[PDB]
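Per PDB author numbering, the first sequence starts with residue 2, numbered consecutively.
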Amino acid sequence: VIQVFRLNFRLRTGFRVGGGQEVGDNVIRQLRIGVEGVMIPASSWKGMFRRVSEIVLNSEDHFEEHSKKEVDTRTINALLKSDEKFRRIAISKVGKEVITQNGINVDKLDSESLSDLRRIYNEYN
RNA sequence: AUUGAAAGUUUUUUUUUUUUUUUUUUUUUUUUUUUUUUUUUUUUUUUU
Numbered sequence: 002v003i004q005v006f007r008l009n010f011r012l013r014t015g016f017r018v019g020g021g022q023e024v025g026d027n028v029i030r031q032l033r034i035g036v037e038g039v040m041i042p043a044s045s046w047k048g049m050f051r052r053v054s055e056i057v058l059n060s061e062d063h064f065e066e067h068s069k070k071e072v073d074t075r076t077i078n079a080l081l082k083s084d085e086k087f088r089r090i091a092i093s094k095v096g097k098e099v100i101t102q103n104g105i106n107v108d109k110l111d112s113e114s115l116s117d118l119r120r121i122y123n124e125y126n
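Shown next as structure tokens:
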């Protein structure tokens with residue numbers, strides 16, 4: 002399912018999204034385009050929306066970069082064997098040889114691969 | 001029917017924070033509301 006939105010905002014007074022602002026300090030220059038004039042970059046929109054969503058959710062897990070607890074490898078294996086898309090993501094990232102169809106291949110695993118898998122689990126959750 | 005092929009240069013990151021166009025600056029200094037004009041003229045304290 003795809004949800005499409007066309008949001009409009011009745012901002013009080015004005016806004017300003019600068020960039021570069023040349024050198025020599027003095028005035029503050031809002032970012033230009035050259036042809037279209039001025040715009041708000043999509044990255045700024047995404048950052049503002051992420052901030053608002055983080056405020057809304059108020060998740061303690063998200064506050065500490067999802068690095069506050071140790072995730073058991075058994076749980077990781079259970080999710081991997083239970084979620085096909087998660088398994089596909091893990092295989093596409095850490096490598097097909099490292100992660101087989103069924104199992105984690107602990108012998109080939111090392112510190113950084115394990116950390117990557119734990120971070121992927123935390124962020125996917 | 002190319003020696004021969006099939007892969008998105010992709011994900012991810014808010015150009016943001018610090019700063020009161022502020023202090024000082026009395027719409028006042030001068031100019032007599034005076035100036036020419038008689039409250040005046042007419043009338044018997046009185047008759048059969």
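Using N, Cα and C, we set each Cβ at its ideal position, and we do this for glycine too.
Checklist entry - Exposed or buried, which one is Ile100 when buried takes at least 16 other CB atoms within 10 Å? => result buried
Item to check | Sub-7 Å separation of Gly20 and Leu32 beta-carbons | outcome: yes
Checklist entry - What are the boundary residues of the alpha helix (DSSP H) that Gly48 is part of? => result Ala43 to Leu58
Checklist entry - Under 7 Å between the Cβ atoms of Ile77 and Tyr122? => result yes
Checklist entry - What runs of the alpha helix (DSSP H), each 4 residues or longer, lie entirely inside the stretch 62-117? => result Runs of the alpha helix (DSSP H) inside the stretch 62-117: 74-83 and 85-95.
Item to check | Inter-residue spacing [alpha-carbon to alpha-carbon] between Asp84 and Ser44 | outcome: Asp84 and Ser44: Cα-Cα distance of roughly 31 Å.
Next on the checklist: Rounded to whole angstroms, what is the Cα-Cα separation between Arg120 and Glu23?
Outcome noted: Cα atoms of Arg120 and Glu23: separation of roughly 39 Å, rounded to the nearest angstrom.
Checklist entry - With 16 other CB atoms within 10 Å as the buried threshold, where does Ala91 fall? => result That one is buried.
Checklist entry - Do you know how far the Cα of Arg13 is from the Cα of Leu81? => result 49 Å
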